[PDB]
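All remarks here apply to the structure that follows.
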Amino acid sequence: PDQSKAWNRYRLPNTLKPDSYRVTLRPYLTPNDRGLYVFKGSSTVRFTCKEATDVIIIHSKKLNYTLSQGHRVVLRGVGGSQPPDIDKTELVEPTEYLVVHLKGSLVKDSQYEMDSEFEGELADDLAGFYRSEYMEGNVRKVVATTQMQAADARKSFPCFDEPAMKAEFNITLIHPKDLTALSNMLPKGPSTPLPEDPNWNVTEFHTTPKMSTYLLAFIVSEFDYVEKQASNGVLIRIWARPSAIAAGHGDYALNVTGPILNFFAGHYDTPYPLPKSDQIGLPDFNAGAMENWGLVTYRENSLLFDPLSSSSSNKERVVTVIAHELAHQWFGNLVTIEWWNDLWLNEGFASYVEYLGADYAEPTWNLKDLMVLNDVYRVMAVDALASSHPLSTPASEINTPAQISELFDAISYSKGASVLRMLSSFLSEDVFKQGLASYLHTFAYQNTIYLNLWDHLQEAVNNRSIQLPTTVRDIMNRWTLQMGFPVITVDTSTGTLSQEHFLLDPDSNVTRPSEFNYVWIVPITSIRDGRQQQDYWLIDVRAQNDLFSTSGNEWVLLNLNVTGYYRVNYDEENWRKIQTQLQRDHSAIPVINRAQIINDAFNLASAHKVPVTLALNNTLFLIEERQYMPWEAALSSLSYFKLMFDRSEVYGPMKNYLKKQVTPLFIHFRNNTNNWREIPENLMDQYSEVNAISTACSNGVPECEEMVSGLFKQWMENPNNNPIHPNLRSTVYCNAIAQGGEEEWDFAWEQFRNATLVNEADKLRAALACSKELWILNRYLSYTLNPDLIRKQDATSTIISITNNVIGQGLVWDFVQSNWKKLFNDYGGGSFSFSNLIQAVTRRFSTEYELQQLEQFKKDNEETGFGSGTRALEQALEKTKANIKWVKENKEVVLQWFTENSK
Amino acid sequence: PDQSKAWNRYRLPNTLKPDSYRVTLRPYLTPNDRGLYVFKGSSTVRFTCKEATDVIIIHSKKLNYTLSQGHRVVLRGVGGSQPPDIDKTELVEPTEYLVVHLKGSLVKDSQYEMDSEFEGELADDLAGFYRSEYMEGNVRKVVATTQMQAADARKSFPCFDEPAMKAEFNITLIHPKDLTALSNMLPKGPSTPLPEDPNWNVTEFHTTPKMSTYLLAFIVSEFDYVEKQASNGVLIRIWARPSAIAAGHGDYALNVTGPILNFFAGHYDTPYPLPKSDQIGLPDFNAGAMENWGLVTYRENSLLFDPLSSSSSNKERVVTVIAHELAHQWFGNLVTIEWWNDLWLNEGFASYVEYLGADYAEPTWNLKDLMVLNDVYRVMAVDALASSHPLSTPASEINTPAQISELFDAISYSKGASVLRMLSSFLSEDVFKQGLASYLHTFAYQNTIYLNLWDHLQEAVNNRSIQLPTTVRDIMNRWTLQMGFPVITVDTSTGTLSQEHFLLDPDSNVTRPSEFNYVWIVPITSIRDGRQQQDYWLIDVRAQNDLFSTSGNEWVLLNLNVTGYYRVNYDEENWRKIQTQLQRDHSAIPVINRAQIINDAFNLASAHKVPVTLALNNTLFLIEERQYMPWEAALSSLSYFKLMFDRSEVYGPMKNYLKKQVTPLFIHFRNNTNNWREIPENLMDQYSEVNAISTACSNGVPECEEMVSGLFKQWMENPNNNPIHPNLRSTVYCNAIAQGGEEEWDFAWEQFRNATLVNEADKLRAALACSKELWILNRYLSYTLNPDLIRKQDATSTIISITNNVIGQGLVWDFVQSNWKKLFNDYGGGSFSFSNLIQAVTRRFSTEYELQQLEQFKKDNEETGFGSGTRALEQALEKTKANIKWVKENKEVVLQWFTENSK
Amino acid sequence: XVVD
Amino acid sequence: XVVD
Ligand SMILES: *[C@@H]1O[C@H](CO)[C@@H](O[C@@H]2O[C@H](CO)[C@@H](O)[C@H](O)[C@H]2NC(C)=O)[C@H](O)[C@H]1NC(C)=O
Ligand SMILES: *[C@@H]1O[C@H](CO)[C@@H](O[C@@H]2O[C@H](CO)[C@@H](O)[C@H](O)[C@H]2NC(C)=O)[C@H](O)[C@H]1NC(C)=O
Ligand SMILES: *[C@@H]1O[C@H](CO)[C@@H](O[C@@H]2O[C@H](CO)[C@@H](O)[C@H](O)[C@H]2NC(C)=O)[C@H](O)[C@H]1NC(C)=O
Ligand SMILES: *[C@@H]1O[C@H](CO)[C@@H](O[C@@H]2O[C@H](CO)[C@@H](O)[C@H](O)[C@H]2NC(C)=O)[C@H](O)[C@H]1NC(C)=O
Ligand SMILES: *[C@@H]1O[C@H](CO)[C@@H](O)[C@H](O)[C@H]1NC(C)=O
Ligand SMILES: *[C@@H]1O[C@H](CO)[C@@H](O)[C@H](O)[C@H]1NC(C)=O
Ligand SMILES: *[C@@H]1O[C@H](CO)[C@@H](O)[C@H](O)[C@H]1NC(C)=O
Ligand SMILES: *[C@@H]1O[C@H](CO)[C@@H](O)[C@H](O)[C@H]1NC(C)=O
Ligand SMILES: *[C@@H]1O[C@H](CO)[C@@H](O)[C@H](O)[C@H]1NC(C)=O
Ligand SMILES: *[C@@H]1O[C@H](CO)[C@@H](O)[C@H](O)[C@H]1NC(C)=O
Ligand SMILES: *[C@@H]1O[C@H](CO)[C@@H](O)[C@H](O)[C@H]1NC(C)=O
Ligand SMILES: *[C@@H]1O[C@H](CO)[C@@H](O)[C@H](O)[C@H]1NC(C)=O
Ligand SMILES: [Zn+2]
Ligand SMILES: [Zn+2]
């Protein structure tokens, strides 16, 4: 379309800026004569003309307008302004605008009001104002609910739907008299009967603070709640389906929500300004949760918790997700990104701060340590590609809803969190939170870019007279404006350090230039024979310092507790000393750094920076390792070996090796739990136990196979008395299905269909994908596409579980190639989780044959495109090419190593 | 290349015709300084000029010439002829010629002699004069041996290498003094030391009869033999590796060979004219066996037999293959096809007559009945395609060695046999063999086309005053010159019959025209309530006769004992009466016709001529069927259902149905064999037992899984005392591997590597492909390509076993697409078994996705082409298109039927 | 946003 | 020929 016309460009003009809106919405929770669920609404937006213009361009998506005074909208003056007549309106679908063409120009610095009357489908599409459904017995309950982020507020009413177009909102919901209406604010006066029909009530809500459109929420339901005033005076309510609330499944959320909210208010010296914060769990929900200001929405599996059937891992998810969305009340709601390219200012912050809040609520769990696995090493996988992207992408590259949704990714979340963890480490959290309090105070009810953050952290540094090698801006710009991270290579003979951009494939082509030349300013912590040394700043590509020189038996390690976003390599003599330490007394190295040694070496091997046998040798000590973290780091790195080798001669020896390495740990837990009667007291030990069972069973430990099949059989014999502790259910279910046949699968499927807990249904849904039978995986794939069987919110997640099964690989890849339009159009091609599907189905590719299929897939689907999975496809191409070379270079050496070390 | 030049055309000119040859060959059974095994030879061919020509075009393949008197050959006169000087020679590689350009023209009806001296590689390529290798302890034994058919005589010496260029051959072999030289004839005088080197002997053989080049054999080895003069005075010797002969493993062959040879001599009133018939088993051999006149060659698994370790099925293979190659002494050697387009005159005859000979040797086995399954129904699968071919293809279509090798197929063999079975039935074998004796007498030492056969059968008909609806030629031309066969549809209400060309896909496009309009003249036998009726001849597309009318409870069936090459359909009322008979007393229908009812209905369902539920209903009675044949027919037809559905939701219910149907039979055999301590007395019951075990275990009968795993475990515990009866080994090994893991697989692989019987190695080799683990199948695929691990003769057979496994499908198809040049060039792209690989890898295809891969495979490999698999690719395209439609039309009905009938 |  |  003609790019010279403003209505064909994706960003709004800067000519108009809204001040406030009133919106009335009326959902119809029974189908009409067409079989459609609809909502009807009206709106008035008051806006200021900032530059004279003869067009009003406003967002509108899938809305039908009722003509009023001869046009789709009515345009009125404010404070004496006299707007021109409307010529005509048009709906421009690609850019999602209503365009009001005027007979003259509006006047600079004058206000106007525009009135609309409209209707949309209350679709089961999880976007905008939409419907969620559940059963209470045989009664169908239909809920009207919302998801606006990123670009769906415009699907419920016409609005200037960009985050820096903040305004106040005056919401009215018209709803059946028996149902409760909820929104961001509390109701304004009593709910009155609708004059035209007293079967409906009218509920008006108090005006919102100045806020972004993507944070609006409107909900109509018959949910129940539990409530408690938090110590900062804010009312907390936990809302869910009546049966869940009655069962007590909202009680854990009530225990933690107010205390975390108060904690954040104190920690950031910035009060939460609203009278209440409702948490509400929806049966149908696209994302995990969403921080709507005053009305935080969640999947049921993220908010509800059953102490008798949910696992410890589920409990950790609840407190962390609550902490995450509450963090956004400050980092996202009060202070908001200027535009989506800087999304990490919301998501990177919430991803870091969630640990502070969760740790406050559950101080015995030691959750902050999990950042190394769950954020740092998670994101380093994609951020070692040439086709990664900077934490802050240039704003001009981010224009379409697909491009926006694409950024809800490991970079914005986990690299965001990692860089903040590093910043907190070198500043101290006291100095960090001081600068953040200043940032929040200055920009409250406004919008920010990354530079605004540095300015306020600098103010705290300057006040404390902290000396750094340069300004906060110049340090942190290196981590924010260019992709990737360095490997720091130490020569302990001379004490020299050097850095270079770490790429998993040496031959990959970095085409994004960096004005910083892929050189970082790096805060380097270190230990020598277990004792922490003085901190160091690496500012150049190479330096020398006696901190990094050793002689005799001494070893050094850099990046104590992996606070810095970088990998570390050493001369091979220092590596050998580290391996000797691991054999002599592995407890002499901090637990996080044991995970580091394993994960860094495996990644370095891929990049041809150490021999692969060095990385495999780093796993030898695991036979006597009981800690969760180093085992999880090993299993994560070896996931790649499984993806590369589970269709090859290398796989037997790999499994034999893992069987050997895990058997003593498995036997330890068998004994320590009094033959699985008890679970460990400490959370990390609980997780270690689960990984020991999973690893033992996957790799053929006979005692494990007998245990899981025995327990599952006992359950089948007593379906209402499940003998499996909730912590063990995912792994027992999966392995019992893998070891069994049609009978076990059918039992688990019936349990899934009859489930009355999302946590239990989720474990069964993943387990069913563990069948070794191709016909069963094919049948299960057909169920994922049937919304009567698997909720749409869960379709692509279940497909991913199937493709992760070696027998499901060909099945799902062939399905994806054959059904691309269907998946793109109906299964979230422009939404948040689409990249996950592309990543999962392609990560096994290691052959020229598969590469050629992938290239042909790209060519064949040019016209449809790849929506929010566009970058993921480019990454899949890069990785596949790297994998072909890696398998060629490593398959013989790896086969020999596993064979010779598994005996 | 320029088609106007005779040396660029594939058929020899008619200008020269050989009379006789002398050939001296000297293999070198140790490598030279280059690491090559070579043979050196010389030849003189005496030939007659039939039309004046200035060029001698003779076949030559991979031979290097030693210059003599200035040129590659020397041309001399005979009986006073005075040949022109040679200008120059050239080797034209595509058409495999040596071309001798002369300075003048040869004279019509004059003789000439051409002398050559040459060298070739004694390659491990199983073609021409080649090497076979075995170990005796740690000593490497190297054998020089031959395979000339179809077009490889020219790879050993220059010759006019077409079957109608018959000549006498005077063979001399020069060989190490300690090794025995063998050829078609007996030695002529004693073996003398070579003058140049007494470490070598010179063995000259008596002149052959007039014969075709493709029947020559030259063998040098240290094999031993057993011998016996047959009752017709012919000396029989069975030759094999010394250890096999010493073990007595040639004794069964000695028991049957002479008696069968004498039987055929009597039956066809035509003596075997040679003084001896040697049978020899080679460790490396492309085909199963080859009828070289006087020196019949075999794979070891086709000639040798160990009464303590070979199965009854193996024993049947030995007697049938011997009978087959002996049949060729008459049908192929004494009388030979004029050209390869009429190959059925050799192979169709041997395929029919083998049963007569085998039945003579083993009259209690009832082998003749097996023709229905092993020939008739086997070939009807491919002969129901639009891309099938006539029994006698027009000669002008068959030109290249690839096109020739392609015809060694189900049409030439099994349709050949089927049409001869039909002919014998309507003539009687007495009249048939009378006409054949006349044919053999007239054309002895000459060549024939299909018309020559009809003339001599007509002579017998005329002598017996037998009245037919027309001449033998006109009846049999309908079955010989057009592809396909009719379905005969009976309306029992009116007694009407009609015929039409049976096509598995109604929508397929028959592009080959027939001058007979796809109308046949059909000899129709029938039974009414079990009593045979008068014979009938259907000559038109439709007719009426009271033979085919029924009323009340009466049923009729056509094609008693399936002697005719046609399928039969009935009105649904007659089908229901047949199904009632099967429920009331299935023994009232002849056993062959029970197989017919099952196999015909399944094929008819595919063609949309009966509902699929009618065909499935015909299998209900199998629950009480104990006979081998009807069960084997059902399992063969249901193979298609497995191929279509074993990656789908239909597969569980299908397996449940087969489990139900086979359980009582399995339990019957468990009891009758005194818990597997004994095998049935009757051969067909032995086969029924094996199918009952195979079917029970494949479809999940728990008692079967326990039995096979238990037996295999007992064997692993006592490797030198195998507890599994030879009849049960293939199925026990396969299912024990399928049920087990790495340990069972590794045990079986070591047993294979250490095997000292081809029969035992073959069972293990197939079993190893039954692993359900993708990584194990991938590793095994890599072994098939390593000639140190799996003999080249067995490579593609093992690949086929892997692709037949549902888990091996994607693996092998992806491999075939990625390695086409390698397979084409090194794994027999121009040879006999290549079509089998294409057929096996594609027969599961039932999706648009797979069709598109197949079409792209065709496009991508245009330049290489598909050699002797060209027609198979066209058939695979046709079937895949039919399969997509069939699955769409049938998947729901079939799912429901198996679900509702399996309980 | 948690993406889940 | 048997093809085998
Ligand atoms: C949304 O509601 C607010 C609060 O009632 C409205 O704000 C008032 O606007 C009037 C008219 O411009 C002002 O004179 C008052 O001072 C405002 N009150 C407050 C507390 O700010 C606002 O106009 C409403 N917006 C729409 C579009 O209806
Ligand atoms: C991984 O560990 C193996 C085993 O220790 C190393 O190979 C050994 O190296 C030492 C010292 O060079 C030799 O003396 C041993 O004989 C080797 N043992 C074996 C069994 O091979 C190997 O070098 C390590 N890999 C790397 C990259 O350091
Ligand atoms: C192959 O050997 C045969 C038999 O010794 C040769 O046949 C003789 O040929 C001579 C010369 O032409 C005739 O006069 C004799 O009558 C033949 N004898 C018989 C029994 O037929 C034949 O020449 C040899 N062929 C070659 C090419 O060496
Ligand atoms: C296959 O057999 C089924 C089962 O007998 C046939 O369906 C039955 O048909 C009879 C007679 O028409 C009905 O009265 C029964 O109620 C049916 N039974 C069931 C269980 O459906 C079916 O018709 C047969 N298929 C064909 C093609 O004849
Ligand atoms: C909007 O209008 C279109 C075109 O008339 C119609 O198909 C659609 O159903 C309407 N949507 C609603 C919710 O009424
Ligand atoms: C509906 O309106 C009546 C007032 O007429 C009020 O008492 C009632 O609580 C309202 N109900 C809800 C669920 O808002
Ligand atoms: C919430 O806290 C109460 C009081 O401390 C405690 O008894 C209860 O177990 C907690 N509920 C949950 C679900 O953890
Ligand atoms: C820095 O100090 C000044 C002067 O005391 C104070 O006003 C300001 O708030 C401080 N800023 C920060 C970030 O601490
Ligand atoms: C035939 O000649 C070619 C070309 O010199 C050579 O490569 C080949 O080895 C020769 N073959 C034999 C068996 O000597
Ligand atoms: C080799 O030649 C000698 C005659 O010198 C003979 O006695 C011996 O049997 C021959 N051997 C073979 C195997 O042909
Ligand atoms: C061959 O025949 C003999 C004598 O009839 C018999 O004893 C022997 O068992 C037979 N050998 C084989 C291997 O069948
Ligand atoms: C037919 O009969 C004639 C005359 O008796 C006889 O010479 C000829 O061999 C016979 N042919 C056949 C095929 O029986
Ligand atoms: Zn978030
Ligand atoms: Zn044959």
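Naming works like this for the structure tokens: A, B, ... for the chains as they're shown, residue 1 at the start of each chain, ligands 1 onward in shown order.
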
Open item on the list: Neighbouring residues of ligand 7 are defined here as those with any atom at most 12 Å from a ligand atom, counting only C-alpha atoms and all ligand atoms; list them as a list in words.
Closed with: residues 228, 245, 247, 248, 249, 250, 251, 252, 253, 254, 255, 256, 257, 259, 303, 304, 305, 306, 307, 308, 309, 310, 312, 315, 316, 318, 319, 361 and 362 of chain A

- [ ] Write as a ChimeraX atom specification the residues around ligand 13, taking 6 Å as the cut-off and counting only C-alpha atoms and all ligand atoms.
- [x] /A:325,347,350 /C:1-2

Selected residues written out with C-alpha atoms, as a PDB file, in the first residue's frame:
```pdb
ATOM      1  CA  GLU A 325       3.215  -9.251  37.853  1.00  0.00           C
ATOM      2  CA  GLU A 347       9.942  -7.406  31.355  1.00  0.00           C
ATOM      3  CA  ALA A 350       9.894  -7.840  36.366  1.00  0.00           C
TER       4      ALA A 350
ATOM      5  CA  UNK C   1       3.405 -10.001  30.375  1.00  0.00           C
ATOM      6  CA  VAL C   2       4.684 -14.255  31.700  1.00  0.00           C
TER       7      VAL C   2
END
```

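In this comparison, which uses only C-alpha atoms, the residue of B:785, B:654, B:466, B:690 approaching chain A most closely is B:654.
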
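The binding environment of ligand 8, defined as every protein, DNA or RNA residue with an atom no more than 6 Å away and counting only C-alpha atoms and all ligand atoms, comprises residues 434, 435, 438, 456, 459, 460 and 463 of chain A.
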
TODO: Up to 8 Å from chain B, what residues of chain A turn up? Count only C-alpha atoms and give them as an MDAnalysis selection string.
DONE: chainID A and resid 646:649 651:652 742 774:776 778:779 806:807 810 814 818 849

Task: Nearby polymer residues, ligand 9, at most 9 Å, only C-alpha atoms and all ligand atoms, as an MDAnalysis selection string - done: chainID B and resid 34 36:40 62:65 119:123

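Once residue 610 of chain B and its same-chain neighbours fewer than 6 positions away are set aside, residues 489, 568, 569, 570, 571, 572, 575, 600, 601, 602, 603, 604, 616, 617 and 618 of chain B remain within 12 Å of it when counting only C-alpha atoms.
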
Write out, as a compact mmCIF listing (two decimals), in the first residue's frame, the residues just selected, with N, CA, C and O atoms.
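out.txt written:
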```
# COMPACT_ATOMS: atom_id res chain seq x y z
N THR B 489 -18.03 -59.98 -12.70
CA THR B 489 -19.10 -59.65 -11.73
C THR B 489 -20.35 -60.49 -12.04
O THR B 489 -20.83 -60.50 -13.20
N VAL B 568 -13.29 -62.09 -8.77
CA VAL B 568 -14.72 -62.30 -8.89
C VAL B 568 -15.49 -61.44 -7.89
O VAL B 568 -15.13 -61.39 -6.71
N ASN B 569 -16.52 -60.77 -8.39
CA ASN B 569 -17.46 -60.04 -7.54
C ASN B 569 -18.87 -60.60 -7.73
O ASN B 569 -19.18 -61.18 -8.77
N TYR B 570 -19.71 -60.46 -6.70
CA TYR B 570 -21.08 -60.96 -6.74
C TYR B 570 -22.02 -59.87 -6.31
O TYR B 570 -21.61 -58.89 -5.70
N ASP B 571 -23.29 -60.05 -6.61
CA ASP B 571 -24.33 -59.24 -5.98
C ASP B 571 -24.24 -59.42 -4.44
O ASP B 571 -23.71 -60.43 -3.94
N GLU B 572 -24.76 -58.45 -3.69
CA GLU B 572 -24.49 -58.48 -2.25
C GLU B 572 -25.28 -59.59 -1.56
O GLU B 572 -24.85 -60.09 -0.51
N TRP B 575 -22.99 -62.56 -1.75
CA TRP B 575 -21.95 -62.36 -0.74
C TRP B 575 -22.46 -62.69 0.67
O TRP B 575 -21.72 -63.28 1.47
N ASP B 600 -9.95 -61.41 -2.84
CA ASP B 600 -10.79 -60.67 -3.83
C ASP B 600 -11.57 -59.53 -3.17
O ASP B 600 -11.57 -58.41 -3.68
N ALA B 601 -12.26 -59.79 -2.05
CA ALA B 601 -13.09 -58.73 -1.46
C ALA B 601 -12.27 -57.49 -1.04
O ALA B 601 -12.71 -56.34 -1.25
N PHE B 602 -11.10 -57.71 -0.45
CA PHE B 602 -10.23 -56.59 -0.06
C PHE B 602 -9.80 -55.75 -1.25
O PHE B 602 -9.82 -54.51 -1.20
N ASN B 603 -9.46 -56.43 -2.34
CA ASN B 603 -9.08 -55.72 -3.57
C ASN B 603 -10.23 -54.98 -4.21
O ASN B 603 -10.11 -53.80 -4.61
N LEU B 604 -11.38 -55.66 -4.26
CA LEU B 604 -12.62 -55.03 -4.72
C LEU B 604 -12.98 -53.78 -3.93
O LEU B 604 -13.45 -52.81 -4.51
N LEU B 616 -14.02 -56.63 5.30
CA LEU B 616 -13.63 -56.90 6.70
C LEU B 616 -14.53 -58.00 7.30
O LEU B 616 -14.05 -58.91 8.00
N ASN B 617 -15.82 -57.96 6.98
CA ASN B 617 -16.74 -59.04 7.43
C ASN B 617 -16.31 -60.43 6.97
O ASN B 617 -16.53 -61.41 7.68
N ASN B 618 -15.70 -60.53 5.78
CA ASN B 618 -15.15 -61.80 5.32
C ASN B 618 -14.03 -62.37 6.18
O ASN B 618 -13.68 -63.55 6.02
```

Open item on the list: At a cut-off of 7 Å around ligand 1, and using only C-alpha atoms and all ligand atoms, what residues come up? Please write them as a PyMOL selection string.
Closed with: chain A and resi 20-22+44-46+168-170+207

Just the selected residues (C-alpha atoms), exported as a PDB file, in the first residue's frame, please.
```pdb
ATOM      1  CA  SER A  20      -9.250  10.809  28.547  1.00  0.00           C
ATOM      2  CA  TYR A  21     -11.853   8.270  27.482  1.00  0.00           C
ATOM      3  CA  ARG A  22     -15.182   6.981  28.631  1.00  0.00           C
ATOM      4  CA  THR A  44     -15.982   9.128  23.721  1.00  0.00           C
ATOM      5  CA  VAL A  45     -12.295  10.076  23.512  1.00  0.00           C
ATOM      6  CA  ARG A  46     -11.228  13.628  24.367  1.00  0.00           C
ATOM      7  CA  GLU A 168      -7.494   8.369  32.057  1.00  0.00           C
ATOM      8  CA  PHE A 169     -10.279   5.860  31.439  1.00  0.00           C
ATOM      9  CA  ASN A 170     -13.875   5.955  32.709  1.00  0.00           C
ATOM     10  CA  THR A 207     -11.573   7.014  36.715  1.00  0.00           C
TER      11      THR A 207
END
```

Counting only C-alpha atoms, give me one row per residue of segment 21-115 of chain B with an atom at most 12 Å from an atom of segment 3-17 of chain B, showing the shortest contact pair and its distance in Å to one decimal, sorted by chain then residue number, as CSV.
```
residue,atom,partner,partner_atom,distance
B:21,CA,B:17,CA,11.8
B:45,CA,B:17,CA,10.2
B:46,CA,B:17,CA,8.9
B:47,CA,B:17,CA,5.5
B:48,CA,B:17,CA,5.3
B:49,CA,B:16,CA,4.7
B:50,CA,B:15,CA,5.0
B:51,CA,B:15,CA,4.8
B:52,CA,B:15,CA,7.0
B:53,CA,B:15,CA,6.9
B:54,CA,B:15,CA,10.0
B:55,CA,B:7,CA,9.3
B:56,CA,B:16,CA,7.7
B:57,CA,B:7,CA,6.7
B:58,CA,B:12,CA,7.6
B:59,CA,B:12,CA,8.5
B:60,CA,B:7,CA,12.0
B:89,CA,B:7,CA,11.6
B:90,CA,B:7,CA,9.7
B:91,CA,B:7,CA,9.4
B:92,CA,B:7,CA,7.1
B:93,CA,B:8,CA,9.4
B:94,CA,B:8,CA,7.8
B:95,CA,B:10,CA,5.4
B:96,CA,B:10,CA,8.5
B:97,CA,B:7,CA,7.0
B:98,CA,B:7,CA,8.7
B:99,CA,B:7,CA,7.0
B:100,CA,B:7,CA,10.1
B:101,CA,B:7,CA,10.6
B:105,CA,B:15,CA,11.3
B:106,CA,B:16,CA,9.7
B:107,CA,B:15,CA,10.4
B:108,CA,B:15,CA,8.7
B:109,CA,B:16,CA,9.6
B:110,CA,B:16,CA,10.1
B:111,CA,B:17,CA,9.5
B:112,CA,B:16,CA,9.9
B:113,CA,B:17,CA,11.6
```

Go ahead and write the residues just picked, C-alpha atoms, as a tab-separated table (two decimals), in the first residue's frame.
```
chain	number	residue	atom	x	y	z
B	21	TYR	CA	34.16	-68.86	-29.98
B	45	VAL	CA	35.18	-65.46	-32.55
B	46	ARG	CA	34.33	-67.00	-35.92
B	47	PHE	CA	31.33	-65.23	-37.46
B	48	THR	CA	29.38	-65.07	-40.73
B	49	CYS	CA	28.69	-61.85	-42.60
B	50	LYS	CA	24.93	-61.82	-43.40
B	51	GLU	CA	24.91	-58.43	-45.16
B	52	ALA	CA	27.93	-56.52	-46.53
B	53	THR	CA	29.23	-54.07	-43.94
B	54	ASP	CA	32.38	-52.01	-43.23
B	55	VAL	CA	32.10	-52.20	-39.43
B	56	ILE	CA	32.22	-54.94	-36.82
B	57	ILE	CA	30.09	-53.95	-33.82
B	58	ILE	CA	30.53	-56.38	-30.91
B	59	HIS	CA	29.80	-56.02	-27.16
B	60	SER	CA	32.62	-55.15	-24.77
B	89	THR	CA	38.78	-49.20	-33.28
B	90	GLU	CA	36.75	-47.41	-30.65
B	91	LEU	CA	35.03	-48.30	-27.40
B	92	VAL	CA	31.55	-46.76	-27.20
B	93	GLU	CA	30.65	-46.86	-23.51
B	94	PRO	CA	26.86	-46.19	-23.35
B	95	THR	CA	25.98	-49.01	-25.79
B	96	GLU	CA	28.92	-51.16	-24.49
B	97	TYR	CA	30.51	-51.84	-27.88
B	98	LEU	CA	33.92	-52.41	-29.35
B	99	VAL	CA	33.57	-50.92	-32.86
B	100	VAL	CA	36.07	-52.08	-35.51
B	101	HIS	CA	36.04	-49.61	-38.45
B	105	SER	CA	33.32	-54.04	-46.67
B	106	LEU	CA	33.01	-57.68	-45.62
B	107	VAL	CA	31.36	-60.04	-48.13
B	108	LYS	CA	27.83	-61.45	-47.69
B	109	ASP	CA	27.72	-65.16	-46.67
B	110	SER	CA	31.48	-65.32	-45.92
B	111	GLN	CA	33.12	-66.20	-42.58
B	112	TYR	CA	35.80	-64.26	-40.70
B	113	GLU	CA	37.68	-64.62	-37.40
```

TODO: Step one, run DSSP on the backbone; step two, keep only residues of segment 107-331 of chain A assigned to helix (DSSP H, G or I); then write them as a PyMOL selection string.
DONE: chain A and resi 153-155+213-215+242-246+251-267+300-303+312-330

Open item on the list: Within 9 Å of ligand 6 (counting only C-alpha atoms and all ligand atoms), which residues show up? I'd like them as number ranges by chain.
Closed with: A: 175-181, 190-194, 198-203, 221-222

Open item on the list: Show me, as number ranges by chain, the residues that have an atom within 8 Å of residue 548 of chain A when counting only C-alpha atoms, minus same-chain residues fewer than 4 positions from it.
Closed with: A: 490-492, 494-497, 544, 556

Task: Length of the atom CA of residue 545 of chain A to atom 11 (C, counted along the ligand's line) of ligand 2 vector [Å] - done: 28.9 Å

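When the distance limit is 8 Å and only C-alpha atoms are what count, the residues near residue 157 of chain A, minus those fewer than 6 positions from it on the same chain, are residues 23, 41, 42, 43, 60, 63 and 118 of chain A.
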